[PDB]
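Following this are structure 1 and structure 2, which are two forms of one protein chain, each written alone as structure tokens.
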Structure 1
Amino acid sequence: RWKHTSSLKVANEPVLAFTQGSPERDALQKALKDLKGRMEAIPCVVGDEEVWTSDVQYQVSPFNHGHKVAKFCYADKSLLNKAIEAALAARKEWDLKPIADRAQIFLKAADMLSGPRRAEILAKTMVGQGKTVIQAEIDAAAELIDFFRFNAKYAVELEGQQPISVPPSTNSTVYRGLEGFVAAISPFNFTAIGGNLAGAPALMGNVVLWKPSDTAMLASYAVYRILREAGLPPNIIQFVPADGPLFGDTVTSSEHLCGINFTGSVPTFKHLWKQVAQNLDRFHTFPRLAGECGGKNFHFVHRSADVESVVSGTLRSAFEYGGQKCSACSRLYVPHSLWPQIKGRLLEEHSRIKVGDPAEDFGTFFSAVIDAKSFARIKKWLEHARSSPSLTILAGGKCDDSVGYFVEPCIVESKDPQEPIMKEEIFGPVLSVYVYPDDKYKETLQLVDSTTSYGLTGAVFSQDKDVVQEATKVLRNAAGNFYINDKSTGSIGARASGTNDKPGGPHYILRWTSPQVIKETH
């Protein structure tokens, strides 16, 4: 007896340079010109059906909010329930489809995004979300494309992890999708498509109701359409934008919820968790919860640090994409002795940072923030820096929302390590600095940890190897992705993989399968 099986090897997607005069840069110019003055009417999609509700919404271009880039609509309770019923009816066949065949769909999609549709996806994230070319490219390759390929590899390989059969028994493991539907959730004004939120569970034989982010609707739908064109069957991913609280209430009330794959705030994730608990007796299976949230990320500097590494790494981490990354640095700890040199260089380099239209100027460092709500929040923080007796704005500080949601990169010194601006997430281009006494570095390391609530990333700058070892221990639970002499947002498995994707991590892909052990005796 014998069975045909498959194996899969994958390389990371290269990140293109887009050099002045290069060809990808040519196609991107064309894609961007394609979006200028254009809007897409994006329906909810249940099965192969396009559905409209009267609850119409608009995505605008962050750097030109006069430009409505998309019109969509919020699903209502009725539509969501139909989406659920149709997904459930499709699930069993999808679950039973061989993993090699499911993988092939995601590999096709990856290849489409890598080549024919790369310009399209980049342009839609640039125009629709305010990404610069380099930011959009990095995200397209390391996050979206790499996750499709490396998930597929992981799934195919997992399939090959099989028990040795010890006769008179034949043993095998079947990697079942979860029984029910998975809800994939990102916040209404999130800065990411979060394609992996629906993509990972789908790949593993699940069905998904995907509530994408309002502020990423254009690009999110572009990914959905590509998955479908690549051969994703109907009712595997339901495309269902919706009010955040309504979507949450509906899926956690469903007896058929088997999972929530969430990115967003800790309070929101806590709310969903509580709702699942409240309804625990009503579910046909125990829902699995996956939450990526946090955090107020830090760079700690020791007096032995390379000043230019600090300054370069910190400006980039704090201000790339307007500091709108889950991993962005928003707090800097510097020793009194090194502060004058660092402060000086920070300010000089701050002056080089170009803020503007990323489509018009590829020299742009970062662009407007995501939406009006975020512009408002950040402005309040700027006002707080300019008024609190503990706070001094050292650079930037101004904002203007007349054409786009534009905020200058802002550097703020705090005399108080416990100041709200040191502890609360702004998700904006606002860097706080605490200058600590050189004889108190050890104590300050402990301070970084103790003032860390939901710490995602962090970095230590130090040439002193002893200090690095010390910090690595003290800060062991102050950051999931921890960097030594590099920036907290990382640098250039999936290239954008990290703590959350590793075994034991909340987004480890194995969480979307329930292994069944089958044992046959002869």
Structure 2
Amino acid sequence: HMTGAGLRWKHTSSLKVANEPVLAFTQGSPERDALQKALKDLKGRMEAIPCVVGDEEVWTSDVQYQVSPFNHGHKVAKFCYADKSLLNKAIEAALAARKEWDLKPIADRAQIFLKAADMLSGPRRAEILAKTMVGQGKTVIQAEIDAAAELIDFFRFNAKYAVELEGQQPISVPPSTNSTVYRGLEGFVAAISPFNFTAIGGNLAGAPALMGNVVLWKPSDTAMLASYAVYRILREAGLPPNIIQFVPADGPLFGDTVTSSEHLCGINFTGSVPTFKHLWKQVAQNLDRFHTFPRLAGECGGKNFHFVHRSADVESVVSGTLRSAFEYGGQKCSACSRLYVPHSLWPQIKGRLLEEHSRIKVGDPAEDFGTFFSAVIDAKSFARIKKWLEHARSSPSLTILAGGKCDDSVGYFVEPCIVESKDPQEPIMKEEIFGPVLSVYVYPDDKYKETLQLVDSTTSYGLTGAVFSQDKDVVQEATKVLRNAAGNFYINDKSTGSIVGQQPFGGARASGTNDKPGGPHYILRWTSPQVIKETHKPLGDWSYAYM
């Protein structure tokens, strides 16, 4: 007979989270006062940021300096590149702590990220915002949606998703009880972070770590001040040592070491396509030495489009496109750099764009809150955009309609640029600039279906895309033809501004693996599940009844 109080039961835990509300920062608001004081508390001060392995904070000979993008005179952080000895020590110390961390129940791990998210919401919000602004050159709203809202939502929703996952259990028929155990991957996970979002840095390190993995985290050299802050918040959130290792390093050096290590089980990358593709080839050449097949997750690229139909709300189009193309200097994977305008609407859209372009204030985001966006991140990115700006002057099929000038005397300041391309296949319409350069193509209204195919076929990427129409039949047909042209599709909204739980972010084609961070299924890449079958009756005869 079967036990009334025994293995007949099954208990499932849930968690009812909410998106962190986005503060207004209006004149007289206490978050404005708190952020402004936090900004003045970062002025002459350069924070000494060590390579934290366990609790032992190590300094090396390869000392590097993070500067403010809008003021490359003032250095905001002193840090150092971890060498092969420190990276191999970080790996071996992490594996030693992995099995204990993995055996820890999901609720105990989730609580560390929940309490990290709560102090991120309240008393340490102004700190992380200010450090992102002076560190990466964000305005207050760009840092509020990033370092606050998205990072908090990443820690809360991924916690939520990880406890509902434990509830996903298989069917049990007697005499066997079946349970799925959601183990972390066996080994260490390499987390590599981009400059443009501190939240992404927190997700790529935090999400694997949440699932019972150990993480060697290399943050971006130009996002270091804010990246060490979110690391420090996680350590006094109650994260044990050797679970996330703060190991800044030279890109190639980090890449070479973690892909030559026998204990690599995952790479959580966000950045450029060729460096992700290089790591992919490295793990393939070294595939014989690994214990487990390493799981590579990459979010890269984005040559994203705003498609406009003649029926569109023209005022929403220019508001949306100006925000998408130029917010944080268009240094977003989701950023609109392709505007497809119909001939009929072009004079109205061109006129309104150039008028509103003239009202866009570029300056210091710390001293002038009226600033829309500030400098791009570094001299290498500035040079790249400077060559793209002169390409807009040199190329015959291109015309600069607004902006075009840049000056790196004080900071890496690029004017918001609107380029008209008569050629829809011009390299400026294909290659990612990661700067404030919007390319515009005017199409005849007769050939709007041909243009829809042309949006799909032009670029190698498929991350974000928007269509603007109040006609419902064209958005229906635009949805089906651009089904694979955008992993994040927008009807009458800007191609940027992915909120966790509402718009899980990521695209296919050249834009990456599309593992959809901010959605329920992201965490599944960072668990290698086990299933326990326990039979309670003796088995019986090895032979069958047909013999």
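For numbering, take structure 1's sequence and count from 1. For the two forms, the rigid core is made up of the largest set of C-alpha atoms that agree within 1.5 Å on superposition.
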Point to revise | Conformational change between structure 1 and structure 2, one of 162, 418, 341, 81, C-alpha moving 2 Å or more after core fit | key: 162
Exercise for review: Once the core is aligned, please say if the CA of residue 501 is shifted by at least 2 angstroms between structure 1 and structure 2.
Suggested key: yes
**Study point:** Core-aligned C-alpha movement of residue 193 between structure 1 and structure 2, 2 Å or more
**Key:** yes
Exercise for review: Compare the position of the CA of residue 353 between structure 1 and structure 2 after a rigid core fit and state whether the shift reaches 2 Å.
Suggested key: no
Review point. For residue 466, what C-alpha shift in Å results between structure 1 and structure 2 following superposition on the rigid core?
Key: 1.1
Point to revise | Shift in Å of the C-alpha at residue 142 between structure 1 and structure 2 after core superposition | key: 3.2
